[PDB]
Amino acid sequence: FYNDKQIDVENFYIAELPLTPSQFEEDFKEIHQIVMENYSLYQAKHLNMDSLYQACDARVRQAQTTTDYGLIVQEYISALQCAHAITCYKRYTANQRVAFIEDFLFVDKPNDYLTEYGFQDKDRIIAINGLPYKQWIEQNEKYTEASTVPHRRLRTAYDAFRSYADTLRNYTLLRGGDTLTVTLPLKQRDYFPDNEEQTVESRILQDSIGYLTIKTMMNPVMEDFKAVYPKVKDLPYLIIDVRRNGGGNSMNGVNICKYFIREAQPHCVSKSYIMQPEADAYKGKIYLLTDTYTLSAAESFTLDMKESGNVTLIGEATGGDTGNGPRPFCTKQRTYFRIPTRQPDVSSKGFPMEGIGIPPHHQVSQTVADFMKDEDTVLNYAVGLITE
């Protein structure tokens, strides 16, 4: 039982960890003790903790630099197989969106930095550092924290342009039938501006169908939501998009859900909270677009929406972790990490709250053919259902 408030963390590059090599093994032993005493999911996951600890400890005993050490810690934490069992390390980055569509990897709208190095929209990444991209993904999943195989693959694909250690990366690209190679520096995250983009947007498709994108559950989502919701609230159909929503604040998910339900319902993560429909709750037909990326607060939202009976889900199964109460911990030598501490739970309808994506009502996948034409398969599907 955690009486104390959550500690602040420090975020380091692994090349710059404050501890010395003589301290590596003591530190790792403390990380493992903390995990065994506090991580709530390893028993239910049937993890072989004995073998994991020993494999990592053997490596820690041979580690010479803080980069060597930090990579082992990254692998250890990732081996806990939970989207919210994570390290706090910083990553070198090109701050770039990718598309991972039918198991192919594409540059999705190169930012100005990528444009400086000659990347083009929809360039297909064939290889990374000379390794065929599928092999690269499989070899890098060991550094990725995830509860499900699809999400682990997606997060790793989405790391094509970032690294805990690497400050340079090579790409082999397919561009209109030609193959080429490009070398790109990976920069500190503070090289790029923060996003001041809207968290929520809305527009009207075909005069009668509202479209509302909820990109995060972090503040200021409620203010952006309340500013744009009135544009669509009186339309007979509404498509809500959480495909790019990786979480934030679960209570913001609750606040938004109350606009889209018709009767009282307990919140899946905290069932003592009875969600009552807002006075200005929406009375039309609702569709919710989901993806493997959808996670955490966005997944508790998705689950509440699904279980309401008032929302049709379209897309891919979600990422597979509503949260389970992650908390930060710190070793005596300032190694910081976060792990869930809440026991495994199920929804009111028996759905496990971690370890499996929420299935949609209509499973629909983005295609490469549509991607090349800037067509959104899942959105087009939802519009089609409405127009039947």
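Each residue number is its position in the shown sequence, starting from 1.
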Mean temperature factor over C-alpha atoms, higher-scoring stretch between 289-297 and 263-271
263-271
Mean C-alpha B-factor higher for 85-93, or for 302-310?
85-93
Take the CA temperature factors straight from the PDB entry and tell me which of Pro150, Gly284, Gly315, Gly177 peaks.
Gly177
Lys122, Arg203, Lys258, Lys142, ranked by C-alpha B-factor: the highest one:
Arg203
Based on the entry's values, in what third of the chain does the Cα temperature factor of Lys215 lie: lowest, middle or highest?
middle
Would you please rank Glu354 by its C-alpha temperature factor against the other modelled residues of its chain and give the third it falls in: lowest, middle or highest?
lowest
By the recorded C-alpha temperature factor, relative to the other modelled residues in its chain, which third is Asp345 in?
middle
Within this chain's modelled residues, let me know which third the CA B factor of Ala382 belongs to: lowest, middle or highest.
lowest
If you rank the chain by CA B-factor, which third does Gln333 end up in: lowest, middle or highest?
highest
